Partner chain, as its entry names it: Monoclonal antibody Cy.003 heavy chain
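Next comes just one chain, in structure tokens: the form deposited without its partner chain.
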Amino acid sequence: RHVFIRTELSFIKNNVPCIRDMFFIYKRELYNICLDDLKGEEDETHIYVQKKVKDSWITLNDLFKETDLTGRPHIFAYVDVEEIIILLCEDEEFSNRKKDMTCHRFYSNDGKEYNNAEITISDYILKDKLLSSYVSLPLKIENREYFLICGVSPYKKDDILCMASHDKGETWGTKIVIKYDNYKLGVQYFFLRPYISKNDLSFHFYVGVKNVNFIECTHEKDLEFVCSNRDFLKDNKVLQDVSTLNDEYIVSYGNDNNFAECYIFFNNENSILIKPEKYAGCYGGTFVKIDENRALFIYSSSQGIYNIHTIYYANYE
């Protein structure tokens, strides 16, 4: 009866050629955990915490220089009310996987200075699982908040498996079981990241080209969750990303797997078109939820240039 949609395109420059970006909202502001690992005679590996200011990315800290890691780690960032918890884990090759996992933890309560200490998850739960980096937040389960590190099986029991920490990332002793009955043999999962919205657990992952899949989980008992596929398939459109605005899903799509244009659907009703022809596509377009009625759609059309679409959506019946 009353629907409002407002979109704003903007451009942010970046002096660092990040291999991968990792956006996060802290105190209503945009940040990025930038991995800089460009191969060269004088190029070193860095992991920068950056902050979007005006039309630029401001480099604040380099977390890698405070660690002992030689190469690219798995980054798991957990954001609370005013806290930031970043873990840089050693990417151990499947064949040469040792029984314990060494991570370098970082804690901050201002978004400026970080305490750092190396941690070791002894006899860790995800030895037989593949990990992928993501930004996340607390999940409340038995009147208790947990950070989650989830892995996936490569290709009979527990394809998805999570490690949890109720002490702000100090110890990863807790084991959260995930029951996905539509698991398949002969297929592989990739880039599995949990999507947490209003204390509901969901997962965004690739299946394989690779196709995005989205599952919705419900808490069964103890630390077990039962998940089922959430169909977002659209004919002549390729599923890209899922987020929630106004207690409803907002879903992004590509025209084909080349991503000349991107479509954003609101509650599977209204849609907006993202055409990357103002300056070259929308590959890797990712949602960044700011609040219940505000969110961002970010992609990098060219090297160092960030197209940030700011989306406002509401129903005022």
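Residue numbers count along the first chain shown, from 1.
This next part talks about the form solved in complex with its partner chain, which is not shown.
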Which of 241-249, 219-227, 163-171, 193-201 has heavy atoms within 4.5 Å of its partner chain in the deposited bound form? 163-171
Name the residue from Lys179, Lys175, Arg144, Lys127 that puts a heavy atom within 4.5 Å of its partner chain in the deposited bound form. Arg144
Check each of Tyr134, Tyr107, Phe232, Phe205 and return the one that places a heavy atom within 4.5 angstroms of its partner chain in the deposited bound form. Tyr107
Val81 within 4.5 Å of its partner chain in the deposited bound form, heavy atoms: no
